[PDB]
There are 2 protein chains.
Amino acid sequence: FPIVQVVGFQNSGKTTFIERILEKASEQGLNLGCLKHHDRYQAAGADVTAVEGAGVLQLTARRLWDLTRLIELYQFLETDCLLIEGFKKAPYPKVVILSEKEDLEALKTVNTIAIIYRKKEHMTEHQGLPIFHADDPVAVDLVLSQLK
Amino acid sequence: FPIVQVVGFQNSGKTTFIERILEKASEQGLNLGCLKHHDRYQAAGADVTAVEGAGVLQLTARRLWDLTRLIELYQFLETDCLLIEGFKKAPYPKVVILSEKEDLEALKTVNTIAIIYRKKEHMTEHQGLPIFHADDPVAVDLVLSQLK
């Protein structure tokens with residue numbers, strides 16, 4: 001169940017990056033979920049509430065939640081794969097967006113498969129992975145290839 | 001996996017009825033779901049998208065959906081039971097809210113366990129089930145007893 005993550009400080013360009021990937025996955029019939037780490041019936045005390053109509057479900061669910069369980073949820077709704085925007089602490093392969101060379105320090109994490117540096121004044125060769133500009137299409141294509 | 005439904009025309013008082021039931025289920029530690037029959041990542045083409053944070057998941061999922069499958073979803077998120085507002089065509093026990101005696105005709109369905117008539121000028125003895133006023137607490141308590 002392939003998983004790629006996108007991690008980065010606020011305002012790095014994560015949503016735009018993710019949008020490009022998702023647009024390109026539709027066109028390829030790739031079946032790909034998306035997960036972002038961040039009222040009456042809900043207010044009267046229900047934990048799990050939803051609306052469904054014309055093939056679209058809108059669900060709010062108070063648990064219990066950690067990443068493993070969110071992934072099982074995605075398996076259960078029968079997606080092929082999963083793009084996650086955040087949970088840097090997770091062990092899944094991940095693309096790191098840097099707004100500045102010194103972002104990489106505080107973004108402490110494993111399984112980093114690429115870096116996107118937003119400024120090209122300071123994209124120092126970093127050992128052991130490839131480096132793109134933010135707008136390079138190869139970087140979106142690198143993500144899809146890992147998603148299959 | 002106990003299930004009760006609430007069915008009725010628009011403006012019968014269904015939400016209010018449901019609210020009373022849900023409020024009373026919180027106080028009893030009853031673990032009860034709620035289901036009502038009726039954007040960037042979603043727009044770029046993803047079918048299954050979500051946000052999670054501080055133990056609350058907000059999920060939008062384009063399928064495929066019918067009632068059986070929505071129920072399995074509820075089993076999977078580990079609720080004890082389920083209140084549904086609508087799907088009159090389903091076979092689950094159901095409470096019918098009438099705004100007028102002639103509502104019952106067009107509300108064609110099975111497994112009706114109670115009727116709430118909103119007007120008391122015309123609540124004719126109807127064979128084979130009990131009859132309440134809209135504000136009667138026994139009617140909310142009747143639903144909870146079937147939910148367990």
Side-chain angles (χ1 to χ4, degrees), chain A residues 15-38 40-67 69-70 72-87, chain B residues 15-38 40-67 69-70 72-87:
Chain A
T15 309
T16 272
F17 197 52
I18 278 133
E19 264 200 306
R20 291 178 188 174
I21 299 165
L22 295 175
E23 288 162 324
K24 206 140 179 194
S26 310
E27 290 288 304
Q28 307 190 16
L30 173 59
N31 183 12
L32 166 77
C34 197
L35 173 70
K36 165 167 188 215
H37 194 220
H38 165 299
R40 211 110 98 72
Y41 297 157
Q42 199 63 50
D47 48 345
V48 179
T49 53
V51 191
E52 189 282 332
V56 39
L57 173 65
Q58 313 255 116
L59 178 271
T60 57
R62 291 165 173 286
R63 304 315 207 199
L64 279 169
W65 289 115
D66 50 52
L67 180 51
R69 282 187 267 259
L70 294 155
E72 286 161 345
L73 178 63
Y74 280 81
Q75 261 140 10
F76 177 96
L77 300 169
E78 303 182 357
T79 62
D80 296 338
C81 53
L82 172 72
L83 229 205
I84 306 181
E85 178 198 351
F87 300 89
Chain B
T15 309
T16 272
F17 197 52
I18 278 133
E19 264 200 306
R20 291 178 188 174
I21 299 165
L22 295 175
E23 288 162 324
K24 206 140 179 194
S26 310
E27 290 288 304
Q28 307 190 16
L30 173 59
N31 183 12
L32 166 77
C34 197
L35 173 70
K36 165 167 188 215
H37 194 220
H38 165 299
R40 211 110 98 72
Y41 297 157
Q42 199 63 50
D47 48 345
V48 179
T49 53
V51 191
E52 189 282 332
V56 39
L57 173 65
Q58 313 255 116
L59 178 271
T60 57
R62 291 165 173 286
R63 304 315 207 199
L64 279 169
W65 289 115
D66 50 52
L67 180 51
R69 282 187 267 259
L70 294 155
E72 286 161 345
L73 178 63
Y74 280 81
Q75 261 140 10
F76 177 96
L77 300 169
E78 303 182 357
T79 62
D80 296 338
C81 53
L82 172 72
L83 229 205
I84 306 181
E85 178 198 351
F87 300 89

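Proteins come first, then strands; the chains are lettered A, B, ... in the order of their sequence lines, and each starts at number 1.
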Undergrad: Heavy-atom pairs under 4.5 Å with chain A: which of B:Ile21, B:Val51, B:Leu59, B:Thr60 has the most?
TA: B:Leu59
Undergrad: Check A:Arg40, A:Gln42, A:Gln58, A:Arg62 against A:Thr49 for a side chain to side chain donor-acceptor pair (under 3.5 Å) and give me the one that passes.
TA: A:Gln42
Undergrad: Kindly indicate whether the side chain of A:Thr15, heavy atoms from C-beta on, has any atom under 4.5 Å from the side chain of B:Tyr41.
TA: yes
Undergrad: Measuring heavy-atom distances to chain A, does B:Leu73 have an atom under 4.5 Å in its side chain, in its backbone, in both, or in neither?
TA: both
Undergrad: Counting C-beta onward and ignoring hydrogens, is there a side-chain heavy-atom pair between A:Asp47 and B:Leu77 closer than 4.5 Å?
TA: no
Undergrad: Quick one: what part of B:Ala50 sits under 4.5 Å from any heavy atom of chain A, side chain, backbone, both or neither?
TA: both
Undergrad: Between B:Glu85 and chain A, which part of the residue has a heavy atom less than 4.5 Å away: side chain, backbone, both or neither?
TA: side chain
Undergrad: Could you tell me whether B:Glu27 atom CD has more than 12 heavy atoms of other residues or ligands within 6.0 Å of it?
TA: no
Undergrad: With side chain to side chain contact (heavy atoms under 4.5 Å, CB included) as the test, would you mind laying out the steps for A:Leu67 and A:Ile84 before giving the verdict?
TA: CA-CA 10 Å; A:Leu67 180 51; A:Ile84 306 181; 4.0 Å; yes
Undergrad: How long is the span from the CG atom in B:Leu82 to the CD atom in B:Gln75, to the nearest 0.5 Å?
TA: 9.0 Å
Undergrad: Select, from A:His38, A:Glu23, A:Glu52, the one with the greatest count of heavy-atom pairs under 4.5 Å involving chain B.
TA: A:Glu52
Undergrad: When only pairs under 4.5 Å are counted, which of B:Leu22, B:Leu57, B:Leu30, B:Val56 shares the most heavy-atom pairs with chain A?
TA: B:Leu57
Undergrad: Just so I understand: if I count every heavy-atom pair under 4.5 Å between each of B:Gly86, B:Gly55, B:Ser26 and chain A, which residue has the most?
TA: B:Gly55
Undergrad: Of the backbone (N, CA, C, O) and the side chain (C-beta and beyond), which part of B:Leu32 lies under 4.5 Å from a heavy atom of chain A, both, or neither?
TA: backbone
Undergrad: Counting heavy-atom pairs under 4.5 Å with chain B, which one of A:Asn31, A:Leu64, A:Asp66 comes out on top?
TA: A:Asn31
Undergrad: Looking at chain B, which one of A:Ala25, A:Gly53, A:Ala46, A:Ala61 has the largest number of heavy-atom pairs inside 4.5 Å, strictly under?
TA: A:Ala61
Undergrad: With a 4.5 Å cut-off on heavy-atom pairs, point out which of A:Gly45, A:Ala54, A:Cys34 contacts chain B the most.
TA: A:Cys34
Undergrad: Heavy-atom cut-off 4.5 Å, strictly under: side chain, backbone, both or neither for B:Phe76 against chain A?
TA: side chain
Undergrad: Report yes if some heavy atom in the side chain of A:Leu35 is under 4.5 Å from a heavy atom in the side chain of A:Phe87; otherwise report no.
TA: yes
Undergrad: Should we count CD of B:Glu78 as having more than 12 external heavy atoms under 6.0 Å?
TA: no
